[PDB]
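To keep things clear, I will list the structure first and then write my remarks on it.
These numbers come from the heavy atoms of this one structure, side chains and all, not from hydrogens, waters or symmetry mates. Residue numbers begin at 1 in each chain, while the letters A, B, ... track the order of the sequences.
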Amino acid sequence: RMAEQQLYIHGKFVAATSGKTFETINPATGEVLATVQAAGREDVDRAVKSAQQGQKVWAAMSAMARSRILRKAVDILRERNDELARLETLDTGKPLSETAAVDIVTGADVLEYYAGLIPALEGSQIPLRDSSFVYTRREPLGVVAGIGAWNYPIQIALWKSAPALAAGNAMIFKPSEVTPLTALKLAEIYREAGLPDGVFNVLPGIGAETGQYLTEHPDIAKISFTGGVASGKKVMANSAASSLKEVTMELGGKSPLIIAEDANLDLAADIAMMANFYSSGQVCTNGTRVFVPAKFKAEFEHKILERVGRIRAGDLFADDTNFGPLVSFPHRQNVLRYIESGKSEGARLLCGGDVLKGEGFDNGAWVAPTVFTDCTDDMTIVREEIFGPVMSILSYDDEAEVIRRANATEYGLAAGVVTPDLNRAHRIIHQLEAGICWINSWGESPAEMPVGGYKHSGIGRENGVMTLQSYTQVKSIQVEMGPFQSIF
Amino acid sequence: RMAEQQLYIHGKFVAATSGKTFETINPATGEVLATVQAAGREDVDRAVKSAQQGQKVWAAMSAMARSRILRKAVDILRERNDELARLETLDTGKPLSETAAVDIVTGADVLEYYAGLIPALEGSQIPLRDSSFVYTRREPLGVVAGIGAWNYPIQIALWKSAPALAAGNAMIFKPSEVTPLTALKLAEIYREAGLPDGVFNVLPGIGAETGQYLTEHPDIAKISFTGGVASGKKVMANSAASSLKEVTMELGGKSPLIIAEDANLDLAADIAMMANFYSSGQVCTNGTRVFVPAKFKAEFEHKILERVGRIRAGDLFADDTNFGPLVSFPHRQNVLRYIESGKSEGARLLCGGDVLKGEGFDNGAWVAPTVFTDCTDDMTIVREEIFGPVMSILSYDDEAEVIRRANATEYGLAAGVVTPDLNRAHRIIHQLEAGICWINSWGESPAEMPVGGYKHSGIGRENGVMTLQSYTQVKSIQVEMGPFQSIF
Amino acid sequence: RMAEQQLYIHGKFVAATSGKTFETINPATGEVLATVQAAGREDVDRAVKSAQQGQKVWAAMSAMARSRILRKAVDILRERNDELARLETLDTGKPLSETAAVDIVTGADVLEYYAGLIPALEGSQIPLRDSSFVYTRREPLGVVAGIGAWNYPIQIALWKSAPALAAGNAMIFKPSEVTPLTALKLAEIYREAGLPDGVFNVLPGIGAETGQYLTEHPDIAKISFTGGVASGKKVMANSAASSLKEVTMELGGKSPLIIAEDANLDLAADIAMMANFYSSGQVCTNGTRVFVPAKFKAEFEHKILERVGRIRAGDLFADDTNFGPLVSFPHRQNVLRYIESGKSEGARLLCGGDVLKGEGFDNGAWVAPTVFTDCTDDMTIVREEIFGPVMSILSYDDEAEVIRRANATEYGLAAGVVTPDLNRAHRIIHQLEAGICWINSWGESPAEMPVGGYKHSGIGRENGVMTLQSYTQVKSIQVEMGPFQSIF
Amino acid sequence: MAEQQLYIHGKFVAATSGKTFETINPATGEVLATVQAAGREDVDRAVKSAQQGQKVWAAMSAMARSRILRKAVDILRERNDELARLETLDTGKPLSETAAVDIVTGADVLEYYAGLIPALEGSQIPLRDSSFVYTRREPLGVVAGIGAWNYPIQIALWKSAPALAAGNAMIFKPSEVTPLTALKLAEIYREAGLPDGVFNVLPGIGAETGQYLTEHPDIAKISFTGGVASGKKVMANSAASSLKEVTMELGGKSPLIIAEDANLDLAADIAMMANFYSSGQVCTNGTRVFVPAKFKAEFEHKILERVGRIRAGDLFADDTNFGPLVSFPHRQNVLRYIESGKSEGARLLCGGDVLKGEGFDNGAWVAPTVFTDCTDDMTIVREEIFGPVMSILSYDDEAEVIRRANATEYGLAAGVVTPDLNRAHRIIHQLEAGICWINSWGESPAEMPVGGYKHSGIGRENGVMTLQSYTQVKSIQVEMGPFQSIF
Ligand SMILES: Cc1cc2nc3c(=O)[nH]c(=O)nc-3n(C[C@H](O)[C@H](O)[C@H](O)COP(=O)(O)OP(=O)(O)OC[C@H]3O[C@@H](n4cnc5c(N)ncnc54)[C@H](O)[C@@H]3O)c2cc1C
């Protein structure tokens, strides 16, 4: 057990005034990791007033002064990488082999990226005529709010807070109630790095209360949300109805992986595995519809079975473990229901499909890596995001067909193609309706690369130079040096 | 009167299948200008399918081919300026002295600007390592919808359709039911210029039906809305609940005009007049809170009274007319309610405050130019947007005070300062919470200059290079040329 | 015969005061096309004072006013395309099948592109602290000079004058003494479109006199030169000694075409043909070193010989003619000297190598399409730019080798690769030391694409957005609103 | 000090020239150090070293390069005082300046560019469904910087920072007057993790070492700071040799325009800072001060009062704010100009002679000097002096002063002092100078591009554009459609 976790407001831990708490569980054992205070409406208002005061100090500093502070936080994150990863593993159930190599490393990469860009944030100047010109300022939005998801807690906290802070804002961050612990550690790290009090406040709580209070508050200028497609629609509605906030949404997907007829099937199988079974399949960008040519389908299935047989579930801190439990028992129940739907709708179960049992598994929400084949576009498992380790294999005959079927979805997050052919790779990718496209790979998300969804998978983008800009608002200023003429 | 006005879908006028119609009234006479068909749910679906087909043809053309077609539309608009202006005056009540000099001229200015920028729309390329790089595409959103307001009907239709079309999209445009006529002429003009069938469709109708059907349609990727704060909040909510659409909102304001202690009061009075009584006060950016130093208030009031006396209401086609009726009789009733509110709360009526009477006015929706003084920050006329010819004059003592009071509003659209002092002009403007700021002038909105609101006055921007980009969506593409490594 | 050609200064033809003239020869017949006046030192001084006056009028116009004038020049160039192409064919010897399809079409494409970009030319704004900010202006250089080459006379005149004019400068253009005629026609076209007098002046003359006088003039702010590597080095030196002018240089190359081991040899042969024998080999970007894998060399040679046999020399105005004489008889003598060196140094002559003979050829400066094989890196024909129809075929064994040999040159203009493999194409191209790189094609130069040389092949770039910016100069302006502190 | 060597490939190495030169302490006349001079063979060795290091450097990730330059920034901040004392010994500038400006703003620029490395991006241009273009911003390769003597280490950092950040190696030739801090910077870069060969330093004289750099066939770009005459030679020899890209930051005769509504205390402070900082050895100095006739007398009085507070003395004393000139030959040239001002009829307001007495007789001191009643034809008004010599000129109306401010072959900087919104922007927009200050002088933020119009320069330094200018664009067309040959 850990000590009781409090709110983080204005550079210090503080008790919530809500009188409410919740528990976060270790998904591998079921033990209570901590009791956590839940922010109420009054706590949210305190956090906003704290953020308004800190934002003014932060914005008044020089650009390089802000850069240096964020870089100090990067340095602390690098030093504490392994410790934070262990905490993330306890809170999420993801293997340490993942968390120590990806979660903090790539979160800190984005913070480090934006820290260096702060001095490059510039407005524009537009000559109109000798006697008048326009210039623009990219001004901070003010106080912004981030709402996190549970699959990559500290990485999401860093990907939202880095551009927000770098753009001169304060952010109030609400982590998922499933995984609140690393966000609180990040808040301390920022303060240690010299971030002014109030610039990064963290309010654990449940979505129906703490999250809603943030989306309704009249002095928060922008909401950035990561989570499911459904929950996203609700947040975006409430943010508009209350105070017309700017919005960013990073939602789920049903992303297609297209294997071309000229692909090497070992490479294609390796990409499909990494696109489906990393983080136990709990990744928004996963390539969960795998399109394979009919002539290669049988051989591809064999190569998938061989690789799935290698997956190593077990002790999450052991080096050779590469597969974990799902984050919770309710989430596994939902994944199990999708698996049962696949069976009842006539998809062929290639492997997996059941809970794991026995010593070391009975206390966690483990599901075996699962692969369905003989899938068709009308099946529930093919149409809906599962957010578990469930691959759907679909046969196709020609390039025009596969593009059509890949695009025939309300989702739009990611896509990829496996082919050695120059023309085929670019030609196919240019026609796919997704924001994140991978050629002969999957999953890499460089700090420089803007990422987000088409269609129901998102609004706006994260990462890249454009996301620094999107956390500012443009003010246009006309200087009229000629004599003003009134017609009255 | 005109013949029953039909919908415009796929390069031709077509009858609505809704069985519903509405009337547009000439606000100068009360007569019916035309009966207009209202697009039904099935009509909207037809328009979307038409737009999808046209967008594909349009996007497949070269960038310069798109530029030439928009440039031909510009040429037709310049040629037909006077004819279109006369129709706009009939539909809106704005004097021909305005519509023939501003509405089409500045609408076409924006179309001409975006036509030339089409070839400069570029993605990026990012080296990761010798064996991998990223490039981005700025892809069309697809089909977008624009929903217009009634104060600048054809100008709004051009400011929305120009960046949308230039970015490679098709737009379905719903004009205000108050002023539907010039949008239909624009649709014909675009087709005459060579715009492919379906790329610009126009669907008259009422907001609760035709507008909502557009905000709900699953195949429309973005909604751009101009109108009131209230209706915007509804539009943004329904667009989210339906299909998670990207959104732009240009709403109203209560913009402050700050007269500095060193301002020339003849200039300040001229700016205040142009910021309040152009288009009979029906301009979202109007500077309807005029802050004047206490020591200058009496002299400024005298200068305003003098200039108000020069306003020339009359025949909207007469050369010397520079003031018109309001857009509709229901709108006049709301403006009269605000005026009575000002009287009942004790604001001092300096001039106006009643309808115009006599030959040539009894049949039009005329409100006299009205000025209230001795106003305070809590009065209803000071807090709420009136959208009529009602100036509120507020006394103030010092610079810090006036900046706070200017900013103490949920609105955020525009602001201005009158001062000959270098430091004062930039110092004050940099502290105002508004997207559109004028120094020693008011109202000019160059095609190059991004415009839109802070806080409740808007989401996103129009005009400028940034708005061409905001009608595209970013696709990031990673080319991995090294061997892909799976951990399984 | 044509009338004596005069200088074009300040919107009209005017007599030179040098007392000197020169003749331009029709390379198909040896006849004198025209006597042309040569601008002397005083004529250059007159042209600069004219340009100084016109530049002020031009820069004082609005951006869109300049845009519209250049667009009118585009419209005239489209209408007169065939007439201008016929004159270019008479002056250069290039077939009408080329000049009517490329020279004016792509020249006007660049003018049309930059006309549309004028309003997007913007400076920057940089906040330093609450009390100080910087903004930048992109100001015209003033009077700039362009010095053209003889292979693409009017295209070069357009590619230099379009960005210079669009950026607000006046340009004095000196066409090659070999090909002066179409530049004078362009000057008339600009005046007809509304270009202010003095903004585009044309001074025919010889390089040692008129060209040098321009490079030395103290009131010319920039020189843009297209021509041979040697003459460029001299122009750049003389510009520095005089008044430290900005410089752009587009010089020749010895560009490599790399045929990969997996290439289709018909495609490779087609690309090699277009890279060597268009415009009778007089293209700076030609792929005159063709690297072929040893295993495919014999077959590649056979495919080249088959296509060379199809080349159709003849009447330059006939539709089926696709090969012309060289631009002048002295240039033919130099090409023949290079061919003789190839023979004497042991390269194997596969075809051509002599003048064309018989009726319709004896009086023109014809050289047969020539192909050498078994070439080695030390041969004169492999190391030096020939600027005639002479392909050198070189065998190679592995990818590392061909990259090294492709790069082992002082030239750096263009390069290309023929391969269907995704990784091979990007991997190889990323390692080549050239500014213009083509994958599975050759020769296309879109207006959007910056083009220029590495190493000895050039300084700066033409086309693209960057070249518009390179015809402005940055002024940085700091506004200090805080109290200035002196240490004295 | 010990005899100073070349720095090639991460180590000090003896020169192969057999030649050396001396750097003099301008405060005492003593020899500070004997310095080895790089010969033509040393330059070729430096280039081959740089070619090797650049490939290692460019192959690293962008953030790996960023981190290494940031470590160099951290070392520079820690050793600010040590480097500043060395700079003061070599240049004669007061420690009060070198410890506050030279390294601080040098490191500021390095720190700025370190953060921008990951933002360096090419473009992508769709042509049609079957073809697109993308561009790469590739390193130039090996570039050379040739420095001036007034801000030795700052110039070394302002040239090397964008060059290194863009993925190039730089060979740096410091001025022979002031070679010492550049060698220190080379050690700091290596300590920070910079690959061997990426920053090589070759001391030597301009006529030999500098010329050998401009002539070398494998150097892709030259960045030069110095005088117009040497610049014309550099740019010519760079073209004649191998057609190198060239950037030049030359001198100026920058005008300071005092408006009719200016506060004269503010104007006098700006004129003082624009003329007597670094003993007047600043390229951007506002050495033509235009004052309205109606205020001329009062302005002169305010200038004289501020000149009287100038504190020449021990360059390591806290209150010292004025030093000797960088060298004794430079002083004779400055005295030549001062005597020209006297003989052409300018009125001497103060100064005009060397400083004398204990502690000054052995240093290259020139007193702060002010001329008034100046006219546009005078030599001191037309030519850059690069010493502490202010020229005051009267004017009557705004159009006149703008014409006269612009009537020069120089174009580096300019400024206006006025509280009026319209006057400040209106006048500045009409001045033909690259660096313009309103109600201030001298501040040169890392973000702000700076360089000259007309004879004052080619290209710019600082800002995002200068990072880009140390790359070359490669355009790449991908044709996915079938290629059509007409043959
Ligand atoms: C049954 C019915 C009949 C009506 N008949 C008429 C009539 O005959 N004449 C008339 O002038 N008005 C009519 N209205 C509309 C009414 O006057 C509203 O006040 C309407 O909002 C006025 O639109 P506006 O453009 O003035 O203002 P705003 O409400 O600001 O409208 C701005 C724009 O948004 C659109 N809009 C408004 N609400 C929505 C929404 N919920 N979803 C999408 N788009 C929306 C408007 O149509 C317009 O294009 C009718 C409404 C209903 C429900």
Side-chain angles (χ1 to χ4, degrees), chain A residues 487, chain B residues 2-8 11-13 23-29 31-37 69-113 115 146 148-162 165 171 173-195 200-204 278-280 282 314-325 327-328 364 447, chain C residues 64 68:
Chain A
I487 57 112
Chain B
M2 301 167 76
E4 181 156 317
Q5 300 286 303
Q6 294 180 123
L7 315 179
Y8 196 92
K12 63 155 179 298
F13 287 105
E23 293 173 347
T24 171
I25 303 304
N26 179 341
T29 67
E31 300 169 316
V32 175
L33 263 181
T35 299
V36 185
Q37 294 181 355
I69 285 161
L70 301 189
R71 273 144 57 189
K72 290 300 184 173
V74 167
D75 295 339
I76 297 168
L77 289 163
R78 305 288 183 202
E79 176 180 356
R80 297 183 195 176
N81 178 81
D82 294 351
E83 167 203 335
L84 293 169
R86 292 179 190 99
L87 178 57
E88 198 79 306
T89 287
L90 291 175
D91 213 7
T92 65
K94 299 194 300 184
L96 186 64
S97 62
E98 300 189 5
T99 55
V102 171
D103 289 59
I104 295 91
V105 170
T106 62
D109 287 336
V110 167
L111 177 61
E112 195 175 22
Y113 173 78
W150 48 254
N151 59 334
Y152 283 76
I154 196 173
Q155 185 202 67
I156 290 166
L158 284 159
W159 287 17
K160 294 190 186 303
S161 64
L165 271 43
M171 170 168 283
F173 188 77
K174 185 233 167 266
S176 167
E177 51 264 66
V178 186
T179 56
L181 300 180
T182 48
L184 296 169
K185 296 289 184 184
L186 177 60
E188 296 184 279
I189 287 169
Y190 271 137
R191 184 180 194 274
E192 184 176 346
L195 197 73
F200 189 71
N201 291 331
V202 175
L203 301 183
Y278 204 72
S279 303
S280 304
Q282 303 166 122
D315 175 3
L316 297 179
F317 298 93
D319 288 351
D320 63 327
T321 296
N322 57 19
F323 190 76
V327 76
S328 76
Chain C
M64 194 58 78
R68 291 162 186 159

So, the side chain of B:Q5 versus the backbone of B:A3: is there a donor-acceptor pair under 3.5 Å, distance only? yes
Restricting to non-hydrogen atoms, name the atom on B:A187 and the atom on B:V202 that form the minimum distance, rounded to 0.1 Å. CB-CG2, 3.7 Å
Drop me the distance from B:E79's CD to B:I104's CD1, to the nearest 0.5 angstrom. 13.5 Å
Looking only at the side chains, is there a donor atom on one of B:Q282 and B:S280 sitting less than 3.5 Å from an acceptor on the other? no
Residues B:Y152 and B:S279: side-chain donor-acceptor under 3.5 angstrom: yes
On a heavy-atom basis, which atom in B:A149 and which in B:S176 lie closest, and how many Å separate them? C-CB, 3.8 Å
To the nearest 0.5 angstrom, please state how far the OG1 atom of B:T321 sits from the CG atom of B:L316. 6.5 Å
Run the salt-bridge test on B:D75 and B:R80 with the 4.0 Å N-O cut-off and return the result as yes or no. no
Minimum heavy-atom separation for B:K160 to B:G146, with atom names? CD-CA, 4.0 Å
Interatomic spacing from CE in B:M2 to OG1 in B:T24 - rounded to 0.5 Å: 9.0 Å
Hey, are the side chains of B:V32 and B:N26 touching, using non-hydrogen atoms and a 4.5 Å cut-off? no
Hey, are the side chains of B:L111 and B:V74 touching, using non-hydrogen atoms and a 4.5 Å cut-off? yes
Look at the side chain of B:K94 and the backbone N and O of B:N151, then say whether any donor-acceptor pair between them is shorter than 3.5 Å. yes
Can you measure from CE (B:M171) to CG (B:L195) and round to the nearest 0.5 angstrom? 12.0 Å
Which atom of B:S328 lies closest to which atom of B:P27, heavy atoms considered: N-CB, 4.3 Å
Donor-acceptor under 3.5 Å (B:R78 side chain, B:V105 main chain): yes
Using only heavy-atom distances, determine whether the side chains of B:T35 and B:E4 contain a donor-acceptor pair under 3.5 Å. no
With a 4.5 Å heavy-atom cut-off, do B:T89 and B:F317 have their side chains touching? yes
When every non-hydrogen atom of B:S97 is compared with those of B:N322, the smallest separation belongs to OG-CA, 4.1 Å
Taking the side chain as every heavy atom from C-beta outward, state whether B:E88 and B:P153 have any atom pair closer than 4.5 Å. yes
Donor-acceptor contact below 3.5 Å, side chain B:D91 vs main chain B:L181: yes
Verify side-chain contact (heavy atoms from CB on, under 4.5 Å) between B:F200 and B:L186, making sure each step is shown before the conclusion. CA-CA 9 Å; B:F200 189 71; B:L186 177 60; 4.1 Å; yes
Just by distance, no angles: are the side chains of B:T92 and B:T179 close enough, under 3.5 Å, to form a donor-acceptor pair? no
Atom of B:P180, atom of B:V36 and distance for their closest heavy-atom approach: CG-CG2, 3.9 Å
Please check if the number of heavy atoms outside B:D320 that lie under 6.0 Å from its CG is greater than 12. yes
Name the residue from B:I154, B:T182, B:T99, B:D82 that meets the side-chain contact (heavy atoms from CB on, under 4.5 Å) definition with B:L87. B:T182
Straight-line distance of A:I487 CD1 to B:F323 CZ, nearest 0.5 Å: 10.5 Å
When you look at B:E112 and B:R71, which way does the side-chain contact (heavy atoms from CB on, under 4.5 Å) test go after all the steps? CA-CA 6 Å; B:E112 195 175 22; B:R71 273 144 57 189; 5.5 Å; no
Between B:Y8 and B:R191, does a side-chain contact (heavy atoms from CB on, under 4.5 Å) hold up when you go through it step by step? CA-CA 11 Å; B:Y8 196 92; B:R191 184 180 194 274; 2.8 Å; yes
Compute whether any side-chain donor of one residue and acceptor of the other, for B:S161 and B:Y190, lie under 3.5 angstrom apart. yes
To the nearest 0.5 Å, what is the distance between CG (B:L84) and CD1 (B:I76)? 10.5 Å
Go through the steps for B:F13 and B:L7 under the test side-chain contact (heavy atoms from CB on, under 4.5 Å), then give the verdict. CA-CA 6 Å; B:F13 287 105; B:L7 315 179; over 6 Å; no
